[PDB]
Structure formats: C-alpha cells, structure tokens
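experimental structure below, sequence on top.
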2 protein chains.
Amino acid sequence: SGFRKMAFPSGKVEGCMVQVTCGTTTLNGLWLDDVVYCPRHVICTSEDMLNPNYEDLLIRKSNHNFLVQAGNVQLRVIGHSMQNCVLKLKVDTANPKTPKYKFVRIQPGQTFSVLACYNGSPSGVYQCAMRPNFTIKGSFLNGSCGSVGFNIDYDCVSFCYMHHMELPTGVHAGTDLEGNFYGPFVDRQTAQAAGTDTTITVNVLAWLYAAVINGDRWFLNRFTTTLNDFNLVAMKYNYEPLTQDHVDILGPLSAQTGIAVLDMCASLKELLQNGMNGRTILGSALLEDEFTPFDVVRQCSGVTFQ
Amino acid sequence: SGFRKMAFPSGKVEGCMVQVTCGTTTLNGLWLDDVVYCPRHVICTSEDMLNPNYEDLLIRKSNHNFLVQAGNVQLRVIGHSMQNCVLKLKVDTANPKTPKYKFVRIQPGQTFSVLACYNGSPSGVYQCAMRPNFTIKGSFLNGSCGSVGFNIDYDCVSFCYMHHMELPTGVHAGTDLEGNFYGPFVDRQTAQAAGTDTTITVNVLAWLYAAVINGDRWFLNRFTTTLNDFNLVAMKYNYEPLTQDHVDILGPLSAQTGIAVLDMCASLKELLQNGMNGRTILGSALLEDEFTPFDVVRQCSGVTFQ
Ligand SMILES: *[C@](O)(C(=O)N1CC(F)(F)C1)[C@H](C[C@@H]1CCCNC1=O)NC(=O)[C@@H]1[C@@H]2[C@H](CN1C(=O)[C@@H](NC(=O)C(F)(F)F)C(C)(C)C)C2(C)C
Ligand SMILES: *[C@](O)(C(=O)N1CC(F)(F)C1)[C@H](C[C@@H]1CCCNC1=O)NC(=O)[C@@H]1[C@@H]2[C@H](CN1C(=O)[C@@H](NC(=O)C(F)(F)F)C(C)(C)C)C2(C)C
Ligand SMILES: [Cl-]
C-alpha cells in the first residue's frame, strides 16, 4: 500500500551525463554513442542571450571550442551541428554506458522523470507532467540546462525532454531531443509567459482510482453521469475535456476496482462542485493531476525495469 | 526556481540489487562486496510468519537453499549468518559495482531516498522521512521487502533503511542495515500499530524558508516570538518541540533569507492558529514536514553527487 510520486530509477541516464563548456558557459550534455546533445545556447554569452543569432555564433565556433568532460575525462569533439534548438557534438569516443534508447515527443498529460544535473553531475530525480500549456513544474537552478526527462520501458530509455529555460511563475520549458520546444517558447531572453494551464482530468481520475485501491473511498457517491454532463461541469473548473480514448485508457483501473469510469466521473463532479470539506485523499488536500493511468498501474502493480 | 520532492540519483544502488529466493519466498537483497543483505523472513513460509523462530528455521537451511540472482547470473552462496533481523549471505563473487558506502542509523526527522524493487529489479525511486513514530510513508507492494533507503554524500552511499513490513494505515517499518528495527516493531505477523505521529517542526520551518526563496512570501508576518511561546503553541497542534540545535541547523537558510528563525517561528504560529485560509505554499495546501534543512539547501543550492 501507499502512493508516492515515484520517479524512474535514474542509473541508465546518469551514465550518460556530461559537462559541456563553451567559452564561459557551462551546462549539461547527454552522451549517447558518439554524440553529445545539449541546448544550443551553450554557445552564447549572457549578453548574447537577449536576442542571439545561433547559426552565426556557431559558424564562428570550431570543434576545440567545446570542452566536454565526463568525470576527469575530456572527450575530444570531432564534429558539431545544430538541430533546431539542440546542439549535437560528435565525439571521438562512444559512450560505453549508452543504454538502449529512443527519442520520444510526449503529449500533454504524460509524465516523466527528470534527472536534475549541474556541471554534468546528478543532483536528484523527480517526476513531472508535461502540462496542457507545455510547461513543466520543475526544480531547476542556473546550471541545470541540459538536464533531461525520460521514461523507462523495461530496458529502454525514452528521452522526451531537455531543459532550456524558466518562465514567470517559476515553471519550465524545454525541447524534445530533436531540439523542438514543447509549446510556443523560444530560446531567447525576452518576455514570454505560459498560457493559462488546465487540470489533466484523466490523470485526476487515475489518482482517484489509486485512492480506492489504497482504501481511501469516502468520496465515492452512489451516482453515475454521462460523459456529456461530466464534461460540462468540469469545463467550469478548468478541467480538460475527458474523451472516450481517456475512458478506454482508464479501463484497467476501472476493471480492477469494479468502479465504472462514469461512476468515478460522478464522484469527481461532486468533489469539484462541493470541494473536499476538510478531507484529504491519499494525504492530499488538493486533487492531483500528475499521475497518469499507467503511472497508477505501475505503482499499484509493481512494474519494474532491468 | 521550483521546489519538488526530489530523490537521490539511484544508479549507485541499482547496481547493488539482487533477487533472493528461499523455498517459495522471493524478495530483494543488497549485494555489497561479497555479502548479500536481506530481511531474515526470506526463510519463512506464509504459515511461519505468524510467529516464526528465525534461528530455528535458519539452522535447518544450507547455503544452497538460497538462490541469489543478479540478472541472468546466479551467485553461489558460500556462507550465511543472521544479524538481528537481517540475513547476511556470503557469496563467491564480490559485486564489481559496489559503490563507496556506509551503514547509518538515521534519526527521526531525517529524510532518505527509497529505491523500490521487485524480484531484484528497480520499480522507482522517491524520498521519505523517518517519522517521529519510526514509520515511513512509503509505497510498497508484496515483493518489495529488501528494498533499501539511502542518502548520497558526494560519492558515498549511506544505507539507512531496509524494508520489512506494512502496518495499519498503510505505513511502513523496517531496519537499519545491521537489522535493528526503527521503532518498536517486530518481524512477525501479529497486531502492531504505529504510535501516534507528530509533525517535524524543524522540517516545516525549512520548507517555509524554501517558499520564501521561491518568492512565496504571503505568510510572513511582522512579528517575532520566543522559542518558549512558540513551543507552547506548537505543542497543541501536535508539532515536535523545536530545540536550539534545530534553530542552529536552520542558520544557513535564516542567513540566506535574512529572516531570523524566531520570526519564521512567529509566522508559523500564525499559520497554525489561523490556518491557510484557502491559500497554498509552494503548490501545497497543507504544511510539509518531509524536507530537512539540508534537503532545502541541496535543492535550492544545487548540491550534486559523483
Ligand atoms: C540554463 O541556460 C542554465 O542552467 N545555464 C547555466 C548557464 F548559465 F551557463 C546556462 C538556464 C536555466 C534557468 C536559469 C534560471 C533558473 N532556472 C532555469 O531553468 N536557462 C536560461 O537561463 C535561459 C536561456 C536564456 C534565458 N533563459 C531563461 O531561462 C530566462 N527566461 C526567460 O527569458 C523567459 F522567457 F522568461 F522565460 C531567465 C529570465 C529565467 C534567465 C535562454 C537562451 C532562454
Ligand atoms: C515483504 O515480506 C515482501 O515483500 N515479501 C515478498 C514475499 F511475499 F515473499 C515477502 C512484505 C511487504 C509487505 C506486504 C504487504 C504490502 N506491503 C508490504 O510492505 N512484508 C511482509 O509481508 C511482512 C512480513 C510478515 C508480515 N508482514 C507484514 O507486512 C504484515 N504486517 C503486519 O503483520 C503488521 F504487524 F500489521 F504490521 C502484513 C499484514 C502487511 C502482511 C513479516 C515477517 C512481518
Ligand atoms: Cl496538498
């Protein structure tokens, strides 16, 4: 029993983290095979970052201008290219600790683990959700750029996030590993703000199933609803629309608990309209939307990774 | 910016996890050098666990009765001994991935990372606190026994917890790595309950400093208090007494923010007496007591591990 925000074990990713320095700018890189991936603004000074011309700064750089360290080992750069907002440095050494891996662009609502790094070294690990507004609610200090987000499937690391920047309200934006931002952000220091966020409904329902599984069942009412009535009531509270796909995704939890998805929807509608009235669910006084159905299943069914 | 419950990177510990089977009971073991450490009730059947005689069951076991697997590799046991509630299996292979390490018995209030495992494989990682009542609020399914808790200091893993059991209310109990339980629990299936828990005051204050650092400052009042008046008011709310040691421990955060500890104490007193009145601090609607001063410093100063 119990239900915690749980990250994926980080060891496979730890063995991929390097320090990248260019001029006086140092951040983190991801060393896979014989390529180091890092945010392309490693090639800027502070000054430059207000409105940088990245292809101009990069044309003026030679391989030797990039210092890549993996512990007390310098890796010689033998090539470099820019892919969108990500810089690729070819090195003369393939990373022996390269795991089985993919690059995935995740969808709003999907979670991942962030391995927060400084100077190519891990600080710690925690789970995040890609928010509907294409931000994450992270913990990142200066030096954290190049820190990555990932999922593990069994033996395979799916890299989905590389950290670039922090927006007002202390939320975070970055790219997939092909250097395309999530959301409308740009890698320059100018006024940008996150869009107004929404609550990930399917995830809140998953979390309500997690509660039931753990014996926290007070919020279950005797009623059902239609997907129609549910979506109308939830729109008022800034909840995303629940789709039939979302309903189908919730099937495993629904089947495990014997609670139809539209019954849980009725229970949630009552929580939204009536609030929690001094009560907690799974320790929490607010509804949690940063557990996916799969996360709930993994945690409550003990899925592991090799 | 941002403030997340962050675990230590798990890679050093992952390389130490094995599966231990004895008869039909399988759980996790910790492989350091040429010793595998696991809960001693691996040598029980279900039946046995209601009131086991561990030294009797163990005398009837031979080395070969313990199957230790590390991936698709069986490690031959060449010795076995019991230390309190922990079984030590000497194996014929020293673990090549053994990190620099210590065994520490942590104090109530101190945090650690748990690497939750099943069948010797990692499921995920999350942070916990040793509660004043010597339980942790974990996430552990059947098969999780032998999962360990740890801290990383730079390069050195301090192992402080090995998981044994789950109590009513879905909280968890276990041992240090010398097999002594935290708290009054015993490794047998009989009625045991956690003592009534208390809130870790020093940790809540640390978390209030974290909030200030992140710009969440609404709860700061203009007042100060004495350590005396604070401790009287906090006793009513089931908060632990704050000691001068705790005050001294909070010095770094106090100095960084310019807020005296007894001013923060005044702010907290007001929160306890008046509640939060619909407001959140760092995303949270309840006061959080599972971040230590050091955790706050690490996260808000970017301490890393090699
Ligand atoms: C990242 O570049 C980094 O860690 N380092 C080390 C270094 F200084 F050498 C480069 C940082 C990470 C930031 C720093 C503030 C705390 N948390 C973080 O995530 N990224 C940046 O500093 C990026 C790069 C320039 C500006 N910027 C920002 O994050 C800024 N944001 C914005 O301008 C805004 F649009 F509002 F989002 C800043 C104001 C937070 C500094 C780039 C190229 C966008
Ligand atoms: C641990 O032994 C384990 O994971 N495994 C795999 C196995 F079955 F082969 C042995 C489990 C972990 C438990 C299981 C329930 C979910 N979460 C957990 O942490 N530990 C136990 O099962 C221990 C051992 C016998 C009984 N027990 C308990 O946890 C029981 N608790 C109690 O009796 C009580 F005192 F209330 F705390 C149980 C009722 C939760 C099964 C030992 C030797 C104490
Ligand atoms: Cl909360």
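Noted; the coordinates are in hand. Numbers count the residues shown, from 1 in each chain, chains lettered A, B, ... in the order given. Ligands and ions are numbered 1, 2, ... in the order given.

which residues touch the closest residue to ligand 2 within the stretch 1-150 of chain A?
Nearest to ligand 2, among the residues of the stretch 1-150 of chain A, is residue A:1, at 5.8 Å (Cβ to the nearest ligand atom). Bear in mind the C-beta positions are built from the backbone N, C-alpha and C, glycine included. By Cβ atoms under 8 Å, 6 or more residues apart in numbering or on different chains, the residues touching residue A:1 are A:214, A:215, B:139, B:140, B:141, B:166, B:170.

and for residue A:277?
No contacts exist for residue A:277 under Cβ under 8 Å, 6+ apart.

how far away is it from residue A:117?
42 Å (Cβ to Cβ, to the nearest Å).

and the one helix or strand residue A:205 maps to, how far out from the chain middle?
Using DSSP states H and E, residue A:205 sits within helix A:201-213. Centroid separation for helix A:201-213 versus its chain: 19 Å, with Cα atoms, centre = their mean, to the nearest Å.

now the residue in chain A that ligand 1 sits nearest to, what's its secondary structure?
Relative to ligand 1, the nearest point of chain A is residue A:145 (2.9 Å; Cβ to the nearest ligand atom). The three-state label given to residue A:145 by DSSP: H, G, I helix; E, B strand; the rest coil is coil.

can you tell me, leaving aside adjacent residues, what's nearest to it?
Once flanking residues are discounted, residue A:145 sits nearest to residue A:27: 4.1 Å by Cβ to Cβ, 6 or more residues apart in numbering or on different chains.

quick check, the helix or strand hosting the one you found touching ligand 1?
Residue A:27 belongs to strand A:25-32 when assigned by DSSP H and E. Yes - using Cβ under 6 Å from any ligand atom, we find that strand A:25-32 touches ligand 1 at A:25, A:26, A:27.

that strand: what's the following helix or strand?
Counting by DSSP H and E, what follows strand A:25-32 is strand A:35-39.

paired strands for that following strand, with orientation please.
strand A:25-32 (antiparallel), strand A:86-91 (antiparallel) (DSSP bridges).

for the shortest one, buried residues please.
It stands for strand A:86-91. For strand A:86-91, burial by neighbour count (16 or more other Cβ atoms under 10 Å in any protein chain shown) applies to A:86, A:87, A:88, A:89, A:91.

got it, and stretch A:32-40?
For stretch A:32-40, a neighbour-count test (16+ other Cβ under 10 Å) marks A:32, A:34, A:35, A:36, A:37, A:38, A:39, A:40 as buried.

just stretch A:168-177 next, same as before
Neighbour counts over stretch A:168-177 (16+ other Cβ under 10 Å) mark A:170, A:171, A:172, A:173, A:174, A:175, A:176, A:177 as buried.

repeat that for stretch A:58-76.
Neighbour count says stretch A:58-76 has A:58, A:61, A:66, A:68, A:69, A:70, A:75 buried, by 16+ other Cβ under 10 Å.

ok, now stretch A:144-164?
Buried residues in stretch A:144-164 (16+ other Cβ under 10 Å): A:144-152, A:157-164.

circling back: export the buried residues of stretch A:32-40 to TSV and tack on distance to residue B:12?
Shown next, in TSV, are those (distance: Cβ to Cβ, whole Å):
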residue	distance to residue B:12
A:32	21
A:34	26
A:35	26
A:36	23
A:37	24
A:38	24
A:39	27
A:40	32
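
show me where the stretch 201-306 of chain A has its helices.
A:201-213, A:227-236, A:244-249, A:251-257, A:261-274, A:293-301 (DSSP state H, counting those that start in this stretch).

the fourth one close to chain B?
No - for helix A:251-257 and chain B, the contact criterion (Cβ under 8 Å from any Cβ of the partner chain) is not met; the two come no nearer than 13.4 Å.

can you tell me what sits against that helix?
By Cβ under 8 Å, 6+ apart, helix A:251-257 touches A:206, A:209, A:210, A:212, A:213, A:260, A:261, A:264, A:293, A:296, A:297.

give me the domain ranges for chain A.
A:1-14+A:100-197, A:15-99, A:198-301 (CATH domains of a matching chain).

most packed of those domains?
Of all those, domain A:1-14+A:100-197 carries the top mean neighbour count, a mean of 20, counting by mean count of other Cβ atoms under 10 Å in any protein chain shown.

tell me how far that one is from the chain's mean position?
4 Å.

follow-up on the earlier one: so which of the residues of strand A:25-32 next to ligand 1 is the closest to residue A:129?
If you rank the residues of strand A:25-32 next to ligand 1 by distance to residue A:129 using Cβ to Cβ, residue A:27 comes first, at 23.8 Å.

the residue of the stretch 1-150 of chain A closest to ligand 2 and residue B:171, how far apart?
On the measure of Cβ to Cβ, residue A:1 and residue B:171 end up 9 Å apart.

and the strands in chain A?
With strands called from DSSP state E, chain A shows them at A:17-22, A:25-32, A:35-39, A:66-70, A:73-75, A:77-83, A:86-91, A:100-103, A:111-118, A:121-129, A:148-153, A:156-167, A:171-175.

which residue of chain A sits farthest from its center?
residue A:222 (36.1 Å; Cα atoms, centre = their mean).

which residues does it contact?
Taking Cβ under 8 Å, 6+ apart as the definition, residue A:222 has no contacts.

same question for residue A:28.
Taking Cβ under 8 Å, 6+ apart, one finds A:17-20, A:38, A:117-120, A:143-147 in contact with residue A:28.

return the set of residues that bridge with it.
Beta-bridge pairing for residue A:28 (DSSP bridges): residue A:19.

tell me the residues of the stretch 201-306 of chain A that contact ligand 1?
Near ligand 1, when you scan the stretch 201-306 of chain A using Cβ under 6 Å from any ligand atom, you find nothing.

find the nearest non-adjacent residue to residue A:273, please.
Leaving out its chain neighbours, the residue that sits closest to residue A:273 by Cβ to Cβ, 6+ apart is residue A:233, at 6.8 Å.

ok, back up a step: does ligand 3 have contacts with the helix holding residue A:205?
No - using Cβ under 5 Å from the ion, helix A:201-213 stays clear of ligand 3, coming no nearer than 12.4 Å.

wouldn't residue A:148 be in contact with residue A:30 here?
Yes - Residue A:148 is within contact range of residue A:30, at 5.5 Å (criterion: Cβ atoms under 8 Å).

mind listing what the nearest residue to residue A:195 once chain neighbours are set aside touches?
Spatially, and ignoring its direct neighbours in sequence, residue A:195 is nearest to residue A:133 (4.1 Å; Cβ to Cβ, 6+ apart). Counting by Cβ under 8 Å, 6+ apart, residue A:133 makes contact with A:183, A:194, A:195, A:196, A:197, A:198.

tabulate those (a markdown table), appending distance to residue A:108.
Below are the contacts of residue A:133 laid out as a markdown table (distance: Cβ to Cβ, whole Å):
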| residue | distance to residue A:108 |
| --- | --- |
| A:183 | 9 |
| A:194 | 12 |
| A:195 | 11 |
| A:196 | 14 |
| A:197 | 10 |
| A:198 | 9 |
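
how about stretch A:120-127 and chain B, touching?
Yes - using Cβ under 8 Å from any Cβ, we find that stretch A:120-127 touches chain B at A:121, A:122, A:123, A:124, A:125, A:126.

filter the contacts of residue A:1 down to the ones close to ligand 2.
Answer for those near ligand 2 (Cβ under 6 Å from any ligand atom): B:140, B:141, B:166.

return the backbone torsion pair for the second one.
I take that to be residue B:141. Backbone torsions of residue B:141, given as degrees, to the nearest 10, read phi -100, psi 170.

how near is the nearest residue to it once chain neighbours are set aside to residue B:299?
Distance criterion Cβ to Cβ, 6+ apart; nearest residue to residue B:141, sequence neighbours excluded, is residue A:302 at 4.5 Å. Going from residue A:302 to residue B:299 by Cβ to Cβ gives 28 Å.

before we move on, the earlier item: which two among the buried residues of stretch A:58-76 are spaced furthest apart?
Across the buried residues of stretch A:58-76 (Cβ to Cβ), the longest gap, 22.5 Å, separates A:58 and A:70.

check contacts around residue A:295.
A:6, A:111, A:127, A:206.
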